[PDB]
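Enquirer: Just passing along the structure, written as structure tokens.
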Amino acid sequence: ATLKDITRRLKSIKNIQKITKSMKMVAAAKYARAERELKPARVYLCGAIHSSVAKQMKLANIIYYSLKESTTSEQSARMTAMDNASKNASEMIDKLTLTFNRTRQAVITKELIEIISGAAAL
Amino acid sequence: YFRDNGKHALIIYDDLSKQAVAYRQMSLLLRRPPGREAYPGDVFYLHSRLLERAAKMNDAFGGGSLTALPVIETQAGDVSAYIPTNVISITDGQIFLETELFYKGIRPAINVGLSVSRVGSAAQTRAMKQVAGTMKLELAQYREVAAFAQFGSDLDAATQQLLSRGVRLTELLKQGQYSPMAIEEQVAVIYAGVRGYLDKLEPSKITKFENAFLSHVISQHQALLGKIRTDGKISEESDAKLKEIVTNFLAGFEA
Amino acid sequence: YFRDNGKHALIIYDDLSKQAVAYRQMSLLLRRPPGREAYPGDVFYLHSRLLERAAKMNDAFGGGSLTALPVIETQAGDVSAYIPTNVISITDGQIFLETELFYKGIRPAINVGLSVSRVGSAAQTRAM
Amino acid sequence: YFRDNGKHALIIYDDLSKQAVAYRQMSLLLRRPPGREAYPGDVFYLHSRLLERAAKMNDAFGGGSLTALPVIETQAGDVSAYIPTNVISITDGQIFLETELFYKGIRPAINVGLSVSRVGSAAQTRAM
Amino acid sequence: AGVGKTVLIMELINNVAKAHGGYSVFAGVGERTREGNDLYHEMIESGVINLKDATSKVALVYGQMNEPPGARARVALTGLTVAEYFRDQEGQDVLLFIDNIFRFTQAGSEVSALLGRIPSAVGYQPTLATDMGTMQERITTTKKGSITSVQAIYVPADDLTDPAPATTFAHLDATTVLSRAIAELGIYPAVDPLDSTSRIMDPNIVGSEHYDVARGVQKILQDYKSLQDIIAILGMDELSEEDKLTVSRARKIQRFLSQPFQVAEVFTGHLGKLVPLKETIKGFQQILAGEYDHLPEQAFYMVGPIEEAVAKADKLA
Amino acid sequence: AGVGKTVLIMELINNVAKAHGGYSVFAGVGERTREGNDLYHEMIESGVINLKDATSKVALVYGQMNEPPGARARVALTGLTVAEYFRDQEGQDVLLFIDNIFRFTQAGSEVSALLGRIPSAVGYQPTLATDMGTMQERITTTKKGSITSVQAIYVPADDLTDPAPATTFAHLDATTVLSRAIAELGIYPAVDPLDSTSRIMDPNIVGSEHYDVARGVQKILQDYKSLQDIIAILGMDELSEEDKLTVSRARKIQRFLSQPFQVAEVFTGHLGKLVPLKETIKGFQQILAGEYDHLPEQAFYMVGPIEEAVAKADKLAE
Amino acid sequence: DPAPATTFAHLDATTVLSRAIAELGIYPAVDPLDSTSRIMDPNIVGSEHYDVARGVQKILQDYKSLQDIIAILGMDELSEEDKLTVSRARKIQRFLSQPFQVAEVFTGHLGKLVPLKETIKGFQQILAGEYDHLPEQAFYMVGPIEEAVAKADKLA
Ligand SMILES: Nc1ncnc2c1ncn2[C@@H]1O[C@H](COP(=O)(O)OP(=O)(O)O)[C@@H](O)[C@H]1O
Ligand SMILES: [Mg+2]
């Protein structure tokens, strides 16, 4: 532990929390539109999305259908990923603030005690 | 002497951190019991009895005053350390400076979110109040979205405008050293930004704009600068004349 | 009195944390050397000699018993602090109450997973 | 003795951390007031004096030498603490080892970025 | 500061005096001379103090910052003595405002330090718990009456686990949380309804009715808060029957939690309202039910009893 | 400890002092003896010290680590008194080098408890700031002569807020802060561009182009700095082509900041380069302008003038 | 803390138990990267033992460095190589657990006394990828690697 350190990590992880939060909102919007266009179209980091298709990887009509399904899925996934990732960040912020306050209190006490000992030995 | 004789004085204590070290030294050598950071128990009482002497006398006592601007140097951002904690509680508010803003280009490196004045508007002219209230609300909105900036690759027009105002205003807050401006010149340049005229100008240019625009109004539009004071605020006329000036000027600026 | 005379008593110490602070006020005023969280070195003994007194006598000493339920207040669920670990190292298990479960309306807010009982099974009813 | 008779000797001091602990004990028992971390104020001087005695002599003095390899044990890997930094600021460099590198399979677990030599290539052959 | 604190205190004084007979005591622990004079002159203008006729409901005890630590550690006791008189001699229910309890601990620390005592955790005095408990216990309901204490709390380094605040938590029964966010929504008083808590919020104490309503309001408000996200992003267009009702109701309750303080009149130009506990419970109880759903938001904003919500509505059409 | 204070000051004596017309004083306070022997013999070789006649331009005062506290606490005053003489009795520009002035403060704490004093924060004596002030205020140019003092200042456990370093800050006019974090990357001198300052860094003094280039470098470095930890977790893919483009130049600027010292040839394994002010400004100006966006980061690492990084860029082909 | 810290120099084998491991349900709560032994040498325990033990410790340390990333984004951004380490490390962690006779009351399992050879074998195989097809929980609270399989089957 180190106040300098914890402070730094908290600044980072707080940023991440907001950025990730915003990416959840963008994904959510995109997915909403897509979902609407889902059915109609069926008549003619993004989580494990890219991962899945790639791991398993070892005109018009098809192209259009595939892409439509894929976008919906993608933005869904990403929305979920970000939601979880911002959540993870929040919990980790809280856990670090606790650790910052414990260390902060111990440091103060420790320097206090050294000062008193050195005064009392006179 | 000024405070008690109908005059007004300003006193800057640079720094109170060092006055406290000096006092601590004497206290420890006199063998008084040490405490947090080895400071004596009455270290708060040192500063309190000092700062309280700062005061606004009533008309029956001459109406003079003593304003005080104590300085405190913190260690690696520690506002909760002992002397800072004390002087922050004794005063009416703080102007917080940060290294990180300094090197980013923000100078004076004032932190607008953390600085405060419990007195606030009570000591601010109407013209400044007007424009400052809009700027304080806009900047506050900006702070909330400011992180999404470099990663929001699809931000909606609403949040995208908050950002633009935010960068524009931050740029109008930047100010060169040893060049304190009059209040009428401050409302005029703020006016520019809070009215959205600079929403199109590229951020990197806003600093060159302000300097040119200000030098121009100082020269050709003295009468508009005086009116801004007189009327106390931005009159309906001043508000139209400023619109003509900045539009034309801007247009020339980007010719 | 109950314990040694064939009878059964239950004592509740509410709470030992506050006791530990009063003893710390005595110790610092006597100028005993401060250590963790400014507590004296004997804060462990303070509670140990106390809780060792709760026991189960066998039939030759009358079969009585004294059960103890000491109570400790943590700060933000910090069960790794000095005092909490101290009492944990004396007692025969613990029942944890989580601030989260409480505030979420789960009452009693026991964290079944972290609560333990080192010697209670044998005393649990066959029905249970 | 070797140093001053044109021979060359190497001395390992394993470890100076324990030595500083024994000094701190002796000092405290002598009623000398404790400083940072309870260690006496001259703890730097305790090691400083010692390590300056390892040197390279010139030819007029026999050209012998005393090379030193003091060892310091850190706690939780902090090379930026009082004692550690005390000794780093004395020697002509340091070899920092780390359990993480050690377990990753980097043995010797030398951390290249934090380790240094204040002598450099003047202590190597042209080949190396 | 800037959250309507001095206004809330001033109301409480006036409200307890009208509805209970008991006076109030204001203890300034490490008051800043400036803010003191301001609070004085503000009291005079609000009417809680009268420089002429004996209508004054509040006694002021000031322990200023320039004073040595012993003085500032004692002032809450002096103010406590004044309050004690109205309790034990007049049988009233006194109100005791301590501003602020943190400065009473600090004065405690400073005193002990000059006394030559070895400091405890985080720098505070050894007697921190005792210094606190001897002053706080004098604040109770006795056979002749009672003292209720409203005490401003500063939390050091934002750390709720700091010895100072955790000590004070041992003695509080309720917390009133004032928030700038709510102020900004023009909701007055700026009381955050989800953060403010009370121990006596148990059916066994305030009754099963009061309890259930309170819970209903707290719940409707938590749900709404959550919906915000969806409302903005997925659009407030796909909200089911149950979903739109929550949002509409929530907003009525929220706005019905505002209230014109009798002390505000001097500026607001509107007659202050003092709502009896029955109207409050019933009022929110009916909203919850949906009985007043057929009214516009602004009907509940800055009113009094539930009656005034409908009234206002008809007028606003 | 081990970040470059001594190498850097050695570089300074090498460049500024060897060309300096006037006398120079060097006070070794609480530092290595071996270094004293190193310096002495190096100066005899460059002729700065001449043992066969009266051409010597540098006086030496030593009180290293092997001495007791009383000596280490007084040497600096010994070095300083010699320099003072040259200043007042000649007016001549005197150079003063002190490595390491922290040892005057550490020596004091060493005997502080035997003198009867209650400790102050972090173990130091209560007279720290007063003690340091009566010394440092003698180390100054006056109307009679001018002293250009260079003081190496140790920072206990790497903490710049420690009482000792933190109190020394106000005594200076220009501070060069070194970081182990930077040195750990291989950038030397390990200077922290976001923590080194100078009173003369003002547009009305160094001029506008100098000022603006400096201010622009610090800004691009402070931007990057605040992203590092962020994209470390989130990834670079969200950074716009404009943002990720600045990350490139930051990195090059970061490396262009290194420089092989003549004095550090035994450690770098590189020939010492020395760069003139004007070429310095141009190199950085150019980088900020996107010019060398086409060159590889490594081209910038450990060279002299900007032209050498262009050259290196080619050599990097194979 | 001064006490434990000074005690380490007086031992030949140390078993450092952990609160964070125990809370995961792992028992004994031994920290596989903090407990050491002076005998852990190729000329004393033999090269097969030494190698497997060094193999396990490297995969546990590798997993540990990945935890910084896992914590925020989860496993979705891990290379396929990384995931491979994460699966095996998690199978090593659980297979290190073991039902003690003295703790039967708290584990609800029979006690197990595993012979050294059988301990080497099981860990070797997990390192080799031989059981990369069994589910993690299969390796929790068992004796010899064979029971891991049997438990896997039961899970189906
Ligand atoms: N300019 C430099 N170039 C290369 N290596 C350097 C440089 N400065 C310092 N170092 C390396 O770091 C070590 C520590 O240097 P030194 O100046 O003695 O440390 P200190 O900051 O403790 O005075 C040097 O021996 C060398 O190995
Ligand atoms: Mg050096």
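Enquirer: Take chain D, connect every pair of alpha-carbon atoms lying under 10 Å apart with a spring to form a Gaussian network, then pick out the residue of D:41, D:93, D:62 with the largest mean-square fluctuation.
Expert: Of the options given, D:62 has the highest mean-square fluctuation.
Enquirer: Moving to a separate point now. Can you tell me the relative contact order of the stretch F:64-125? Whole percent, Cα pairs under 8 Å, sequence separation 6 or more. If you can, show how the numbers build up before the last one.
Expert: Details: 40 pairs, mean separation 21.2, N = 62.
Normalised by residue count, the contact order of the stretch F:64-125 is 34 percent.
Enquirer: If you don't mind, another one. With contacts defined as alpha carbon pairs under 8 Å and 6 or more residues apart, what's the relative contact order of chain E in percent? Walk me through the intermediate numbers first.
Expert: Numbers: 456 pairs, mean separation 43.5, N = 317.
Taking the mean separation of contacting Cα pairs over the length of chain E, I get 14 percent.
Enquirer: Moving on to the next point. Which entries of A:18/B:18; F:5/F:312; A:30/G:58 have Cα-Cα distances beyond 32 Å here?
Expert: In this structure, A:18/B:18; A:30/G:58 exceed 32 Å between Cα atoms.
Enquirer: Same structure again: As an exercise, take the mean of 1/r over every pair of distinct alpha carbons in chain A, invert it, and state the Kirkwood radius in angstroms.
Expert: 18.4 Å
Enquirer: Over 27 Å apart: what share of the alpha carbon pairs of the stretch E:1-200 falls there, rounded to a whole percent?
Expert: Result: 32 percent of Cα pairs exceed 27 Å.
Enquirer: Here's a follow-up. Which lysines does residue C:18 reach when only Cα atoms under 23 Å apart count, and residues fewer than 8 places away in its own chain are ignored?
Expert: Candidates past the 8-residue exclusion: A:110.
Enquirer: If you don't mind, another one. Loop only by DSSP, 13 or fewer other Cβ within 10 Å of the Cβ. Give me the trypsin sites (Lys or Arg not before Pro) in the stretch D:1-37 that pass, ordered by residue number.
Expert: Within the stretch D:1-37, the qualifying trypsin sites (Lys or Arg not before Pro) (loop, at most 13 other Cβ atoms within 10 Å) are D:7, D:31.
Enquirer: Decide, for chain B, between rounded, prolate and oblate: order the square roots of the alpha carbon gyration tensor eigenvalues as a ≥ b ≥ c, take rounded if a/c falls under 1.5, and otherwise choose prolate if a/b is larger than b/c, else oblate.
Expert: Since a/c reaches 1.5 but b/c is at least a/b, the shape of chain B is classed as oblate.
Enquirer: Of the chymotrypsin sites (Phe, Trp or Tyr not before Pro) in the stretch D:1-100, which ones lie in a loop per DSSP and count no more than 10 other C-beta atoms within 10 Å?
Expert: Within the stretch D:1-100, the qualifying chymotrypsin sites (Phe, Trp or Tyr not before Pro) (loop, at most 10 other Cβ atoms within 10 Å) are D:1.
Enquirer: Okay, moving on. Report the net charge of residues surrounding residue B:137, where surrounding means a beta-carbon distance below 12 angstrom and charges are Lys +1, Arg +1, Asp -1, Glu -1.
Expert: 0
Enquirer: Given the -39500 (n - 2.57) contribution per DSSP H run of 4+ residues, what per-residue ellipticity at 222 nm results for the protein assembly as shown, rounded to the nearest 500 deg cm²/dmol?
Expert: Computed mean residue ellipticity for the protein assembly as shown: -15500 deg cm²/dmol.
Enquirer: Can you put F:217, E:94 in order of Cβ neighbours within 10 angstrom, beginning with the fewest?
Expert: Values: F:217 23, E:94 26.
By the 10 Å Cβ count, ascending, the order reads F:217, E:94.
Enquirer: Now for a different question. Can you give the mean number of other chain Cβ atoms that lie within 10 Å of the Cβ atoms in peptide F:153-159?
Expert: Partner Cβ neighbours, averaged per residue: 5.
Enquirer: Pick from E:36, E:123, E:63: which is most flexible by mean-square fluctuation in a GNM of chain E where alpha carbon atoms under 10 Å apart are linked?
Expert: E:123
Enquirer: Could you check which residue among C:71, C:116, C:79 shows the biggest mean-square fluctuation in a GNM of chain C with a 10 Å Cα cutoff?
Expert: Between C:71, C:116, C:79, it is C:116 that shows the largest mean-square fluctuation.
Enquirer: Mind checking the mean number of beta-carbon atoms from other chains within 10 Å of the Cβ atoms in F:120-131?
Expert: Working: counts 11, 12, 8, 12, 4, 4, 9, 3, 2, 5, 4, 1.
Counting Cβ atoms of other protein chains within 10 Å of each residue's Cβ and averaging gives 6.
Enquirer: Provide the net charge surrounding residue F:68, with neighbours chosen by a C-beta distance below 10 Å and charges set as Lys +1, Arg +1, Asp -1, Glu -1.
Expert: -1
Enquirer: Got the relative contact order for the stretch F:201-318 handy, in percent, Cα pairs under 8 Å and 6 or more residues apart?
Expert: RCO, the stretch F:201-318: 25 percent.
Enquirer: Could I ask something else about it? Which percent, nearest 5, of DSSP beta bridges in the protein assembly as shown are antiparallel?
Expert: Counting DSSP beta bridges with both partners in the protein assembly as shown, the antiparallel share is about 25 percent.
Enquirer: Moving on to the next point. So if I restrict to the alpha-carbon atoms in the stretch E:189-317, what is the Rg, and what is Dmax, the biggest pairwise distance, in Å?
Expert: Radius of gyration, then largest Cα-Cα span, for the stretch E:189-317: 15.6, 46 Å.
Enquirer: Hey, got a sec? Which trypsin sites (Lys or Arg not before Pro) in the stretch F:147-243 land in a DSSP loop and have at most 16 other Cβ atoms within 10 Å?
Expert: Answer by residue number: F:199.
Enquirer: What does the structure give for E:133-142 when I average, per residue, the other chain Cβ atoms found within 10 Å of the residue Cβ?
Expert: 0
Enquirer: Looking at the stretch E:1-200, send over the antiparallel percent of its DSSP beta bridges, to the nearest 5.
Expert: The answer is about 20 percent antiparallel.
Enquirer: Which net charge results when you count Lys and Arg as +1 and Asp and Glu as -1 among the other residues whose beta-carbon is under 10 Å from that of residue F:146?
Expert: Summing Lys and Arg as +1 and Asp and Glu as -1 gives +2.
A short reminder: the numbers here are calculations on the coordinates, not readings from a lab. Neighbour counts are summed over all protein chains in view; Cβ atoms, including those assigned to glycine, are modelled from backbone coordinates with ideal geometry.
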